[PDB]
Each structure stands twice: as C-alpha cells, then as structure tokens.
Amino acid sequence: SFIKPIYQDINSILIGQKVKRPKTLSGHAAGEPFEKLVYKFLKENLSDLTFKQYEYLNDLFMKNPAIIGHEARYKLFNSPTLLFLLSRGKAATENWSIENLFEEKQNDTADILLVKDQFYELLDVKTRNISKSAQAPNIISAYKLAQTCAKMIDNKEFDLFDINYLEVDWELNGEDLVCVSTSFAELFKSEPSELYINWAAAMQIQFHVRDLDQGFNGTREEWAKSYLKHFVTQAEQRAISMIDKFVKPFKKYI
Amino acid sequence: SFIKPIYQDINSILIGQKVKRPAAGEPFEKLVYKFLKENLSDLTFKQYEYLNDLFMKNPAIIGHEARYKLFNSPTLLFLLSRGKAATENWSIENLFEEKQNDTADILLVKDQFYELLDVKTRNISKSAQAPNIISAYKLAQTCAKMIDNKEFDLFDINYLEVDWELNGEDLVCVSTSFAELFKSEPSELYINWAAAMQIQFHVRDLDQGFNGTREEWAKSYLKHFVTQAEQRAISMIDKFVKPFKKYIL
Amino acid sequence: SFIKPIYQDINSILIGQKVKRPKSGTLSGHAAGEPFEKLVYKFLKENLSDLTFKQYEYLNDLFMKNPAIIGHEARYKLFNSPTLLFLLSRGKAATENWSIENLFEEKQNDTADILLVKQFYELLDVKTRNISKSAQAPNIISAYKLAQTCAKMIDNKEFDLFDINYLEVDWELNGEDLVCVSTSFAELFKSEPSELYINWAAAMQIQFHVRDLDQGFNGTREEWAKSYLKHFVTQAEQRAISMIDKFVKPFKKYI
DNA sequence: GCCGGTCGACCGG
DNA sequence: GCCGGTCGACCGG
DNA sequence: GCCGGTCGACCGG
Ligand code: NA
Ligand code: NA
Ligand code: NA
C-alpha cells in the first residue's frame, strides 16, 4: 500500500472535515464527497501516484498517439488481470481520442488508483453513517473477485496489484456532515475463507472496514486458490438455499 | 390509479422545467409529490408520512401489537410497516422518517384503496439497462398474502418514469411514462437475481395487455417466480462453479 | 506457409488495387470481392508459379501423368493420403469421366481457393469483407468437415502434411470500383481449437474474423485434432439441447 | 438482439 | 456475533 | 457482452 505509510496523516486531516448535507441521508445518492476529500489529499501528498480510474486510462492513451484501435490499445495494459479490472468497453476504447476522453463510470472497480514502478493499488472508499448501526456495505463483487483470482493464476500475476479499502465515518451535525472516524484494510491480508458473500446484494462481498481481519500469512497464490474454493462452495450453498426459501414456501400456490 | 386521471397535468408541469444542477434525478420526484400534495391534498402521502398520521390519529394505541392492528390488512402491513422496535418506540416526539428501503415513494389513498406510486428517474443522455423496479421476492410474498387473506381489491403498484438530461448548469425533464404493474403479463416480468432479485423493465416499454383477474395475476406471477428461482439455481452452477472447479483441487 | 514469407509484398500490392462494381449490382455472396481473390492468385502465380495451383488445376495435373490410372481405385489411390483425399478428391462419377477432353473445373464447394505445395500442402482460402460496415464473422470452414479431417488425421497419423490458412482482404466502395484498404493473415492450426465458434445454422461453419483469430497454440498438430474433436462433440450435444428449447417448446403450444 | 452484472450503502413486521 | 434482503439506476474486456 | 440467424445456389465411395 502507498497510502498506509501515511494513513495516520489522512486520518488526522479527515477527522473534523465537514460537508454540506444534500439538504435523504442514505443511499448511493447521499454518498459522500468525503471521497473527493480523500482524492484531494492523496493528490497533494502523492501527486505522481494519485489517479482516478478514468484519469489513468486517459493518461495511458495520451502518451501513445501511434497506438489506435481497441486491439492495439488493450495491449497497452500489458496485463490480462489489470485489463479485466481497469479497462473500458470495446467501442469506448475504440472511440477514445483527444476530444473525447473517459469520464466517471458508475461500475468502475476503483475510486482511486495509485501506481509506482509497475505496481497498482486499487483503493475503494467507503463512507458510513455512525448516527445508526447498519449492515455491512458492498465491498466488491464476489464474482468479479473470482475472475480476478482465476486470471492471476493463469498469468502468474501475484505481484502486481492490491485491493485496499478506506472507511470514513461521519455523523450529522447541524446543516452538515462531519467525519468522526476512519479505518484502513487490505483485502489480500484478510482470511479469504471468511469473506461473507451476499448473493442477493449483487453477489457482493460485505464487511465494515473497521472489523476486517489482517492475519493472512500465506502467499498471494494461496489466497486466490483459497478464495476460489470458498467461492465455489458458497455458490453451491446458495443454489440449494434458494429452493428452500424461494420455492418450498410457494409451491402450495401452484 | 388516482394519478392516471391527471397524468397529463403532471407531464405538462414536468416537461421543460429546469432545476439547478448539483440521486441526480431526485429534484423531479419532489416536483411530482408537491404537485400531488397540492392537487390531491387529501390523498397524497409520503410512505413515512402516512404511518405518522395513522399513529397520530390513535394516541391511545401504544405498543407494537396494538399499533400493528391499525393497518387492518396483513398484506398492507407487510408493504408499509417499518420495524418491531421502530413501531414500538414510535412517538409524537420520535416520528417516522424516510427509509431507503420503503416500498413506495408516494402513497395515494381513498375509499380504503391504496396506490403505491414509485417514480423512476432516467438520464436520457445514456442508453442504459432496465432499472430496478421492485424485489421479485417482495412481490412473491405480497402475492402470497393476497391469496391467504383474499385481498384482491385493496391496492395497486404503479410506476412513473421521469426522463431528464443535463443542459448547461441545469437539469431538464424531456419526457414521461406511466404504467401499472398489475396490468402487465406477470409471466413476462424479468427477474434479475444478482441485481437484488429485482424485476427490471423500462416503464416506457412495459406491456399493459393483461385483462385477467387480480387473483389470477397473483397466482400467475408466483408460478413464474418459482420456475425462475429453480432455473437460477441451475444457472449458478454452470457459471459460478463448473468454470472454477479447476482451481480448487 | 509459403506465402507468409512473402506477405509484405502481397499486403502492399493489394492495398490500392481496385475492381469495378460487379455488374453494378449487390455486393454480397460470390459477387462482391471475388475479383480480389483473382488478383491474389495473379500474384501468387507470377511469383510462385513453381507451386501455385487453383484447387481443380492441381487435380488436373495430379492426373495426366498417370494415364494408366483411370476410374476409381487407382485414381483414388493416387492420393497417398486419406486426408488429402477427403479434402481434395472430387466425386466418384467425376473421377471416372476424367480425360484430356474432359478436364476438371472449378467447383463451388471446393475446400481451398489456391493450393501451394512443395510433399507439403498449403490450402489457402481468401476472405473479403466490406469494411464500411460492422458485420458478423464470415463462414471460415465446415466444422463437420474439420471434424472428419481431424479424425482421419489421427487414424492414419498424418499430423504433418498440410496447413489450412486464410487471407483477409478488406475493401471499401470508392467510385465506380472497390478498393482494398487492409489485409490479415492467419493460420487455422495455430489458434485455440477449443475456442473456435461453430455456427450450426450457418452450415455448421466455424466463424471468426481472420484479423481477430489468435495464433498462439502450445502443442503439436496431433494435440490439435484431439482437442478439436473434444470441442466439436461437446457443441454438437449442446446444439441438440438448444434446439428443443428454441425450435420445439416455443411452438408446442400451437399443436 | 436477447440477457444480465456492478457500484453505493442501508437495520431487523 | 452471525445472517442477509431492498432501494436506486447504471450499457456491453 | 457474448451469441446466432439469412439469403443465394450448388450434386453425391
Ligand atoms: Na466496490
Ligand atoms: Na422499488
Ligand atoms: Na471456406
């Protein structure tokens, strides 16, 4: 992680920050420009490393004028896994140009990208409302994570990228929201066999950053293989539980 | 529908109206509610607004048990009730606020009949996938409660689509669509399991040819739900298991 | 490949070359970029006449030099390869009435367009697509024909004898004639056989764009055949199931 | 030319 | 301490 | 995405 080395500084700068409330306080809509606040800070203390996912792509393509077309542009990633996780559509990659750059995309894997010496850190910011105790938020697609681990193995890319999370806690205070806490955690540091997969909630992994464990002490290849086992096991578990919950109780009506 | 009769009045006040740019379409939902609250004052209610009034019109009714009785309907209670603790802890000093998962955005009630209005905003500047409409699971339970309690003329679930786009420093509505759930072919509703088990469709394209009974609608959907759930149990193996069974070992 | 070492020239001679619009009519089927194929042959012969035949043309030469060989048996035995037989031999009645006064002709269903051999055979098949429109992958070759080819390859063990390559010639309308703007070369036995798509409805044909065809297969030619069959069989079973769920159930309500 | 995955973040009738 | 639906609305490595 | 349907005509261990 490029952020961890200076986390204590981010936590310090965030605690106390305020943001004008939408004037609902729930939902992706009433999210938190707190992530914009994180970006602004990472852009200041790590300007040569901080990139919005769409910002990195625009940059990558800008320094390759001779390379045109999606085919030629995809090879620019020089990594099948990073291509899977960062890339944009075919027509979008084909139609890219100086007067038609990439913009924010709702389903982009990462909020902030940090690159240094061919090493990428996919950071995803999670904002939480402390005023209440809610369910763990969506972290990342368990299915997308499964494909990632599959591609890591097939390509032997166990030393290239990390997927980290930064949780920023806030509470209402008058006519604005105020940050009260923060917490950092790396995905590949937790126990892969203990990640809860909420199938209904877009097959998303879920947990509050402040609770995640960081005791995994094996290699990255083992983490991937272990995750895939847990993923396949849970997929079969869901397939069976769906019948007992969405079929059995409704057969009497047919 | 209590809105169908004035759909053109709602559309006329929406199309062309601009709002200062900063969900992003929320501003248009407030315009609908405000309109209804001024043209159907005695029928328009925010879901949480209805609950407070209901509880406020019966102060001598304390406790979750007695309060849950106030709905006089199992199906409606399932669709509108908040929570046991929330229902118990309710008070004139601790009212019900809006909740992200409330079934409806707007409630129109009259003659003991309820209309659950859910309005969907859409950025016409993009050609996206069909949005989430309503949980297929929540619909199934609802249909089950309709059968067990024989409530086929109590409520309707309708959707209003508000199309908008960014124009300069403002947002502007460009078109509107209306449709009724119980008027579409239940066996045709697409159920996106991964997407919160929600049924998805563009209000604009939603068919309205159904001419059967409300009971037949309920039974039909339930059959469609079960079958799809079974089919999904198979799809999961062929997509989330079979292709990864070569890494486990 | 024999033309591969000379692909640069071809790619350069083709691009820019133009041909009038086929009878000023439609631009599909056999009548569209057919003349281009001729242009490719006009070069592969004017620079490699030592080993460039147009399918039937070779067959005409395979004979003649064997007058004592007539009517089935001997004539069918001429091909010391059961595989090359299945991919180049004409009909029985056709390989009977052969003579100097009745030479073979170009047949619409011939496997290869141009044949280059030098013991080792290269079955070249040209492809042309209107780049002025995003279209579907064209029919490459018969999946069934390829399956029989692989089987026969294993049986008599001939994992070294012939190659199946394709040459793409992209063209676009320009005035009263069509012009080439690009070219793409690829070799069938160099891609992932388990990846090849089989369109059963489209004549059980393998479909893909020469330009996008991969060329990185790890293994011998033998491993390919083994691999393909495993793939072709699977798809066939899948097709059998798909048919019932699309051409049977959907209309079972009308009977 | 049909089909469906992803991001965001919420409590318990 | 553990389990898991619901709303919103997005295009094609 | 991935996935696949059409029009035009041809002869045969
Ligand atoms: Na995420
Ligand atoms: Na809804
Ligand atoms: Na062919």
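All chains are named by letter (A, B, ...) in the order of the sequence lines, taking the proteins before the strands, and each is independently numbered beginning at 1.
- In this structure, D:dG13 is classed as anti because its glycosidic torsion departs from zero by more than 90°.
- Look at A:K144 and you'll find a side-chain N or O under 4.0 angstrom from OP1 or OP2 of D:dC7.
- Across the interface with DNA chain F, nearest-nucleotide mapping of C:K107 and C:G29 shows C:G29 to be the residue nearer the 5′ end.
- A:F250 and A:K245 make their closest contact through CE1-O, 4.0 Å (heavy atoms, listed as atom of the first residue, atom of the second, distance).
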Go through the steps for B:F240 and B:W193 under the test ring pair (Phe, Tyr, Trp, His ring centres under 6.0 Å), then give the verdict. CA-CA 14 Å; B:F240 307 126; B:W193 299 92; over 10 Å; no
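- Within 4.0 Å (heavy atoms only), A:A92 reaches no atom of the nucleic acid at all.
- In terms of phosphate contacts, A:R238 brings a side-chain nitrogen or oxygen within less than 4.0 Å of OP1 or OP2 of E:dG5.
- The phosphate of F:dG4 (OP1 or OP2) has no side-chain N or O of C:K246 nearer than 4.0 angstrom.
- Between A:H70 and B:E26, the one whose closest nucleotide on DNA chain E sits nearer the 5' end is B:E26.
- With the nearest nucleotide of DNA chain F identified for both C:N109 and C:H30, C:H30 has the one nearer the 5' end.
- Here the closest heavy-atom approach between residue A:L25 and residue A:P22 is recorded as CD2-CD, 4.4 Å.
- Taking the ring centroids of A:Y196 and A:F207, they lie at or beyond the 6.0 Å cut-off.
- If you take CG of A:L25 and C1' of D:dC10, they are 12 Å apart, rounded to a whole angstrom.
- You'll find that the side chain of B:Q100 is closest to D:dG8, out of D:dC7, F:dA9, D:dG8.
- In terms of modelled atom types and a separation under 3.5 Å, the side chain of B:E161 and the main chain of B:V203 share a donor-acceptor contact.
- Across the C1' atoms, F:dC3 and E:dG8 are found 30 Å apart, a figure rounded to whole Å.
- In this model, the phosphate group of D:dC7 is approached by a side-chain N or O of A:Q204 to a distance below 4.0 Å at OP1 or OP2.
- Whole-Å rounding puts the C:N199 CG to F:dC3 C1' distance at 9 Å.
- Taking the ring centroids of A:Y54 and A:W96, they lie at or beyond the 6.0 Å cut-off.
- Considering only side-chain atoms of B:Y137, the nucleotide from E:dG13, F:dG12, E:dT6 that sits closest is E:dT6.
- Rounded to an integer number of Å, the gap from CG of A:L86 to P of D:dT6 is 15 Å.
- One side chain, A:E157 or A:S79, offers a donor N or O that lies under 3.5 Å from an acceptor on the other.
- Interface remark: the B:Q200 side chain does not form any donor-acceptor pair with the E:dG8 base, using a distance-only criterion of under 3.5 Å.
- Phosphate contact (OP1/OP2 of D:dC10, side-chain N/O of A:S26, threshold under 4.0 Å): absent.
- In terms of phosphate contacts, B:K120 brings a side-chain nitrogen or oxygen within less than 4.0 Å of OP1 or OP2 of E:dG8.
- Phosphate contact (OP1/OP2 of D:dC11, side-chain N/O of A:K132, threshold under 4.0 Å): present.
- Using a 4.0 Å heavy-atom criterion, one finds that A:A91 contacts no nucleic acid atom at all.
- Going from atom CZ of C:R90 over to atom P of F:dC10 covers 15 Å, rounded to whole Å.
- Residue B:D105 is classed as a sugar-phosphate contact, given heavy-atom separations below 4.0 Å to backbone atoms only.
- If you check E:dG8, E:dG5, D:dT6 against the side chain of A:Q135, the one that comes closest is E:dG5.
- Within the structure, a side-chain polar atom (N or O) of B:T121 is placed less than 4.0 Å from OP1 or OP2 of E:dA9.
- Regarding B:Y48, its OH atom lies at a distance of 18 Å from the P atom of E:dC7, rounded to whole Å.
- The separation of E:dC10 from D:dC2, taken at their P atoms, amounts to 24 Å, rounded to a whole angstrom.
- B:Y68 and B:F71 have tilted rings, their planes meeting at an angle from 30° to 60° on a 0 to 90° scale.
- Side-chain N/O atoms of A:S133 include none lying less than 4.0 angstrom from OP1 or OP2 on D:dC11.
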Dot-bracket for DNA chain F, 5' to 3', counting Watson-Crick or G-U wobble pairs under 3.5 Å, with [ ] for crossing pairs and | for inter-strand pairs? ||...........
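- Contact check on A:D108 versus A:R88 returns a salt bridge, with a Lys/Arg side-chain nitrogen under 4.0 Å from an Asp/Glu carboxylate oxygen.
- Using a 4.0 Å heavy-atom cutoff across all strands shown, B:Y68 reaches at least one base atom of the nucleic acid.
- Residue-level groove mapping places B:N132 in the major groove; its side chain has a heavy atom within the 5.0 Å threshold of a major-groove acceptor or donor atom there and none near the other groove.
- Taking atom CG on C:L85 and atom P on F:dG13, their separation rounds to 10 Å, with Å as the unit.
- Residue A:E167 contributes atom CD, which lies 14 Å from atom P of D:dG8 at whole-angstrom precision.
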With side-chain hydrogen bond (donor to acceptor under 3.5 Å, both in side chains) as the criterion, how do C:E106 and C:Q55 come out once you've worked through the C-alpha distance, each side chain's angles and the decisive distance to 0.1 Å? CA-CA 8 Å; C:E106 201 171 306; C:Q55 177 68 73; over 6 Å; no
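- In this structure, A:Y196 does not reach the E:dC2 phosphate: none of its side-chain N or O atoms is under 4.0 Å from OP1 or OP2.
- Among E:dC7, D:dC10, E:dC11, the nucleotide with an atom closest to any side-chain atom of B:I134 is E:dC7.
- The distance between atom CH2 of A:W199 and atom P of D:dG4, rounded to the nearest whole Å, is 16 Å.
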